[PDB]
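The chain below stands alone, shown as structure tokens; this is the form deposited in one PDB entry.
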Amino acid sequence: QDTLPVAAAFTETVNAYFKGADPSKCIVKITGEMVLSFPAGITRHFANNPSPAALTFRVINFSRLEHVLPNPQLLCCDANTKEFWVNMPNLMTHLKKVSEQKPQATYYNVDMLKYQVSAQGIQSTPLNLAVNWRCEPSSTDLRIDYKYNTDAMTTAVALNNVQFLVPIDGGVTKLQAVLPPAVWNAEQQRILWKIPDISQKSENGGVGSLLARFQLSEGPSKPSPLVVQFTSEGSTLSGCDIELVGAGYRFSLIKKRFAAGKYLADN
């Protein structure tokens, strides 16, 4: 059983732009990459195997992907499934090069597939947002409504390190009625909320509001984009998975994760 243990990862990035409370105006773009990881020692392995067993895999739910770019050195020579035969001499050349360059490395990550995920508006979005501003001549009311949305992801999984940053115009003298607690950057004139986790297991099922009032010393505030951050582990957005075909290899791990890229909301 000289089967090389190997690892795979899908990593997805969701971009979203929300416009007031109007779902039809939400612009969504999801991208991703599939990466193969080879464990230190592969070089010795290929030293014993000049003509190794072919590395062939199949990507599940392939129809959910569009704009697929296969590694032009390692790949490319029907509905929902696509099979690949990795180019072995080029993979070994590669792995020899990076190994003789980072000999201390515990694994070598190789990019196989770059792709886009067919998205359908606000449904494809793991965190729904609606922002409302009330801009008085000397006062500003800010409301951020968020909703954890399981429909965007393959399996119900938490959002981690969630950040809500928003610039406040008009020269703020004082913060009032701030709920939950946030952090005011004075030098930068902008407010930041942090929630460590959001999910079904969160309070109110992952549905919440961020509230702030601001006293101004200069005119009204002009609303600015809410910028959001979060990461996630244990699920993809695309619903893709990977399988080995043929003998000689084993997946030691298949890591699935996604993260917010440009994730904005306007008034």
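Quick note: we count residues from 1 along the sequence shown, nothing fancier.
The protein also exists as the form deposited with a partner chain bound; that form is not presented, and the subsequent description refers to it.
The partner chain in the entry with it bound comes within 4.5 Å of a heavy atom belonging to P39. In the entry with it bound, none of the heavy atoms of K19 sits within 4.5 Å of a heavy atom of the partner chain.
Taking the partner from elsewhere, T155 is found to have every heavy atom lying beyond 4.5 Å of the partner chain in the entry with it bound. Contact check for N80: no non-hydrogen atom falls within 4.5 Å of the partner chain in the entry with it bound. Taking the partner from elsewhere, every residue among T11, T106 and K255 has a non-hydrogen atom within 4.5 angstroms of the partner chain in the entry with it bound. In plain terms, the part of the chain that comes close to the partner chain in the entry with it bound, with a heavy atom within 4.5 Å, is 107 to 115 out of 165 to 173, 147 to 155, 180 to 188, 107 to 115.
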